[PDB]
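Residue numbers (the deposited numbering): 2 to 107, 125 to 244.
This is the structure in structure tokens:
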């Protein structure tokens, strides 16, 4: 996915952020991150769906192999990095590198298990969910290395029947869920230095876990492999 490094606009302006993929088959989600150490917020998912708590100045569209986030009447509080997410024929969740919006002229997911680990060790993260019918929604894990963007770790269907993994962890990761205890778990074996970062629990909107349909995010838990 290709999105611009940065865009600029003055308050009240209409700003657009594009995200281009390898075909016209898949859709787009847009995830606002106000600082590198903060949980993302979904502003648009499945091309043009807007969560009810997101201001109506956010809208989305898709044309051919490109998705576009439009903020009509941008405000200072919208200054953030916006990540686009999608999928392709090989991977259920892929992400662009993030677009920094500069403004000129100025459901609970609870992760634990982070910590320090040696290379070759194994990580066990747990996300405790509340405030919704957990067993009805696909769930997943997204990570972010220091100074880098969002990356797919693992996703699992509502009933646990299907799972998939990001390329960098495939063969080492296992995702599971307990629909009685309303929790999803990540096991990551043979840890490498490149596995350190913040790991976020995330919820699918209900349409089926993809990089473009995430509608809720946890607070993150930090993993350091050294």
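For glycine and all other residues, C-beta sits at the position ideal for the given N, C-alpha and C.
Exercise for the section: Using the Cα positions of residue 10 and residue 218, report the straight-line distance between them to the nearest angstrom. Expected result: Here residue 10 corresponds to residue number 9 of the chain shown, with the count starting at 1. Here residue 218 corresponds to residue number 200 of the chain shown, with the count starting at 1. Taking the straight line joining both Cα atoms gives about 30 Å.
Exercise for the section: Assign residue 41 to buried or exposed, taking buried as 16 or more other Cβ atoms, counted over all protein chains shown, within 10 Å of its Cβ. Expected result: Numbered from its first residue, the chain shown carries residue 41 at position 40. Answer is buried; the Cβ neighbour count reaches 16.
Exercise for the section: Could you tell me the boundaries of the beta strand (DSSP E) in which residue 183 lies? Expected result: Taking the first residue of the chain shown as 1, we reach residue 183 at position 165. Residues 181–183.
Problem - For residue 104, the nearest candidate out of 16, 213, 240 (CA to CA) - result: Sequence index remark: in the chain shown, residue 104 carries index 103 (1-based). Here the closest residue by C-alpha is 16.
Practice task
State the Cα-Cα distance for the pair residue 80 and residue 106, rounded to the nearest angstrom.
Solution key: Numbered from 1 along the chain shown, position 79 holds the residue referred to as residue 80. Numbered from 1 along the chain shown, position 105 holds the residue referred to as residue 106. Between residue 80 and residue 106, the C-alpha separation is close to 12 Å.
Problem - Three-pair Cβ contact test at 8 Å for the region 144–157 versus the region 25–38 - result: no
Handout entry: Strand pairing of residue 202, partner residues [DSSP]
Key = On the chain shown, position 184 is the one that residue 202 refers to. Partner(s): 145, 195.
Problem - Alpha-carbon to alpha-carbon, residue 14 and residue 136 - result: Locating residue 136 in the chain shown gives position 118, counting from the first residue. Locating residue 14 in the chain shown gives position 13, counting from the first residue. Approximately 49 Å, taken between the alpha carbons.
Exercise for the section: Report the residue ranges of all alpha helix (DSSP H) runs contained in full by the region 16–71; include only those spanning at least 4 residues, in chain order. Expected result: For the region 16–71, not one full-length alpha helix (DSSP H) segment reaches 4 residues or more.
Problem - Neighbourhood of residue 71 by C-beta, 6 Å cutoff - its chain only, sequence neighbours within 5 removed - result: On the chain shown, residue 71 is found 70 positions in, with the first residue counted as 1. Around residue 71: 17, 60.
Exercise for the section: List the residues that DSSP assigns as beta-bridge partners of residue 129. Expected result: Residue 129 sits at position 111 when you count from the first residue of the chain shown. DSSP lists 145 as partners of residue 129.
Practice task
Measure the CB-CB distance between residue 205 and residue 191 and report whether it falls below 8 Å.
Solution key: The count along the chain shown starts at 1 and reaches residue 205 at position 187. The count along the chain shown starts at 1 and reaches residue 191 at position 173. Yes, they are a contact pair.
Problem - Paired residues, beta bridge with residue 134 - DSSP - result: If you number the chain shown from 1, residue 134 lands on position 116. According to DSSP, which records beta bridges pairwise, residue 134 is partnered with 242.
Handout entry: Integer Cβ distance of residue 160 from residue 2, believed to fall under 8 Å
Key = For this step, residue 160 is matched to residue 142 along the chain shown. For this step, residue 2 is matched to residue 1 along the chain shown. No, residue 160 and residue 2 are not in contact; Cβ-Cβ is about 14 Å, not under 8 Å.
Handout entry: Cα-Cα separation between residue 77 and residue 93, rounded to whole angstroms
Key = Along the chain shown, read from residue 1 onward, the residue named residue 77 stands at position 76. Along the chain shown, read from residue 1 onward, the residue named residue 93 stands at position 92. Computed Cα separation, rounded: 33 Å.
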